[PDB]
Structure formats: structure tokens, C-alpha cells
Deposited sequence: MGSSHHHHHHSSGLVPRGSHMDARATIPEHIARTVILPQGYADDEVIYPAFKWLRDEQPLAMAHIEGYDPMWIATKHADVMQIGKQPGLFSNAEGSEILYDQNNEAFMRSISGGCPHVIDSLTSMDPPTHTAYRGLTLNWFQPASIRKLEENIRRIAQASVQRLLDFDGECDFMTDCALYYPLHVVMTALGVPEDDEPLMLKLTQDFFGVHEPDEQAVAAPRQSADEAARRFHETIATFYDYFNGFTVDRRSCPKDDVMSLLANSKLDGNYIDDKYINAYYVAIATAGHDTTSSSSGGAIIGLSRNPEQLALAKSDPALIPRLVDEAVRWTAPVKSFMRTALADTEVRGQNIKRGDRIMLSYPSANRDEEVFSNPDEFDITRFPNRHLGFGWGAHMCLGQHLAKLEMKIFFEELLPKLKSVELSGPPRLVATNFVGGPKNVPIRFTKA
């Protein structure tokens, strides 16, 4: 219906809708066409707002850099169809954000709330978790090795270690694993009963989680620890504690943001190594390559498929006239296969350097957890790879049919033990 839309319907459907993300050979050719022919253009398909599709690495950085011009707060920062956004608005007091977490905020609010934990998540602070992360990683590796050379790398291994890491970072006890899996896999899981009923279930379930998290907040105000829950519980702004709604959103955001992404990227690494056995040999003879392996797994997997922005003023990008109120989809996968930046970007190559990928985004909201993600993946692969003589896929990987946080959910493998 919007006269400015120039992206062919079939291409627009492929890049916007969830289904195509389940197959690399569906999604990546569509983005290649856009990068070649309509690098920044408008799409409008039935059931969605009109939107610009940012397919180029340069543009995704330019937009992400300027939160004053391209907003997280103003519209939904997640790519929902109109029906789902309206449902979200109806359970969130009219706001297009289900909780008050960092990705829902614009500066200066954003800057203040991110600032509460920014230092904790920097490499020097994160390095103190090394011993704990190594214990957690070894447990997951043992889990895999307990199989007689056959398992699902995701469901039998990679599902676990990153949740345990985010739990240790927060301060959630080991025994609460079931509740944390419910949080990230069930309540905030991918869909893949009336509206009133769904809304009732939502309000009940989130209240249950927030009651649970409130107990930690109270605990840490009397008995401080070096974990994130303690940091936030004991934080003040303008001389007062942060409201429970911001604290609990922060706990949920950290758990959900840090689990699937890391698991998925780990699966991506195993797919890459399975298809490229020489690279497994390389990482085994030179463990100092593992950080480069980790960055390549994140670039190539690109588990976060999109975030959205709303233009707050008329403005120009790649010679296009973006108008106030226009929504923009940021495609991290398309940026990560941009030929102007990467040679042979469809190839998994652990020696790729430099590797200036946007798997963690770029600019004001750039992944808070990026340093924790890189450290835990490094430690995991340091522990796993010496234990493996070989690894191969036993069947096709199954990827999540989503336009938000996807990548591998199931990675059937065979392996021989070193």
C-alpha cells in the first residue's frame, strides 16, 4: 500500500518472514540480490509496517551509531507483524516493548541503565570468571564424551554450558536450572486460545518470575556478592534504588540474551568444523587460533537475524530519503556476507583476519555480553577440541524458523575421541 516500496514482493517476503531463516540457501541469496540491486530500499508486505531493509555492513554501522536519529524506544525494536505488536502493546500498557530492558531504551535513560553494569561486562572484570567458566565448560564436554561417539551437539551439550555461565554471572544457584530453562526456552521461546487467555497466562507467568527475582534483590541488599544480581540490587540512581521493574527486566534480558545466541554460535562452529576437517586439525595444532574460530562462528552463524529502528527525523542514508517515523530492519546476516567487506563470505574460515563482523551489532546498543560470550566460547572450544580426533554431521542441522534469534537448534553429529 505504501507507494515508496520498491523491493519485489517475493524478495521482501523471503527476508522479512520467519520461515526462510530455517534454510541458508533461501535467505542468503535474497540478501545478495538486495546488496547487488536495492542495497537500502523499502519493502511493504501484508501484515507488516513498511520498512527500509539495511543490507549493507556500512549502513548497519551508520544507523546503529546514531541512537538520537534512529530509535530503539519509539517503535518495536523487534520485528513483529502488526497483530503480534498489537498484542504486545495490549499487555505492556500500550508500549511496543514487553519488558523495560536495555533494548527498549534510548539515551539518556539507556546510557544510565547500561552504565549500571557496563564495567562488570568489560574483559578485565569478566576474566575473573575464568576458573568457573572452565569448570562449567569441562562439565559440558564430559556430557558429550559420555555418548559413544554420537549425539546432538546442541540438545546434548551446547544447550547447557551458556545457560550455566549466565546463571553464574547473575548468581542463580545450579539447582534452579529447570526454572531458567523454562524462562529462556518456554516463556521467551520461539512459537514456530483467545487473546484474553494468552494475556492472562502472560501476566501470571511474568509475575511468578519477578517474585523469584525479587527474592535475590532482597538477599543481595543484606548479603552482597560479586555477581550481577548484587551489582544491580545495590545500584542507585539519583540517590535511590532502581525500581523492581527495571531490575527484573535486566535479569531476564541478561539470561535470554546470553543463552540461545551463544548456544547457536557454538553449533555454527561445529557445523563449520564438520564441513572443514582441515580447520579442526588447525585449531588442534594451534589453540591460539580459537579466538579467531569464535569470531568466525559468530560472523558465519549470525544468530541475531534482526533488530529494528525508527527514524526520528528526515535524513539521508546511501542517498535515500528516510522520513520521520520510517522503520528500518538491520540485517546482521547480510552485513556479515557483504562482499565489499569480506572475501568469499559464504565460506567458514577460522583464519579470517581481520574479521570486523556485526554479529554483535554496532553502536549504542552493541552487545553488552560480547566479551563474556567470546570468553566462554573460547574456553569451551579450548576444552572440547583436544578431546576430539574428528567430528562430522550425521544429518542436516535444523535451524530455527525465526527472524529474531535463530541459527542451529539441532546439530546431529558423530565423533571419535582423542
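- Unmodelled regions of the deposited chain sequence (numbering from residue 1, in sequence order): 1-20, 213-222.
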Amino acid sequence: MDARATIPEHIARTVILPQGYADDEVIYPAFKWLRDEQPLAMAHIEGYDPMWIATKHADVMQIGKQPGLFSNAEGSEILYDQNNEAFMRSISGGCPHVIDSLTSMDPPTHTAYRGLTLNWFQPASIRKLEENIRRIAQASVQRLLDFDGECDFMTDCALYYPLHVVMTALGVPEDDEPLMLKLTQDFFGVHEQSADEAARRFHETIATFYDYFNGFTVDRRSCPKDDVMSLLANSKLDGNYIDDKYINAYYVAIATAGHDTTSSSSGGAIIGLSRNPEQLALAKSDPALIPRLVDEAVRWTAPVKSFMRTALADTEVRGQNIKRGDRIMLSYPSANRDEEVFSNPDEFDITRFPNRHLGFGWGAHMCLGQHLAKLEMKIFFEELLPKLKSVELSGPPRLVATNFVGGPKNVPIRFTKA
From here on, numbers count along this sequence of modelled residues.
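- If you average the C-alpha B-factors over 167-175 and over 86-94, the higher value belongs to 86-94.
- Look at the mean CA B-factor for 316-324 and for 257-265 in the entry; the higher one is 316-324.
- Between the residues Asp152, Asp338, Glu131, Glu296, it is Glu131 that shows the highest Cα B-factor in the PDB record.
- As recorded in the PDB entry, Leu69 shows the highest C-alpha B-factor of the residues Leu393, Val26, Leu358, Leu69.
- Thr301: CA B factor lies in the lowest third for its chain, per the PDB record.
- Placement of the Cα temperature factor of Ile7 within the chain: middle third of the modelled residues, per the deposited record.
- Ranked within its chain, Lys56 lands in the middle third, by CA B factor from the PDB record.
- Per-chain ranking of the deposited C-alpha B factor places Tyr241 in the highest third.
- Sort the chain's modelled residues by C-alpha temperature factor and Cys157 lands in the lowest third, per the entry.
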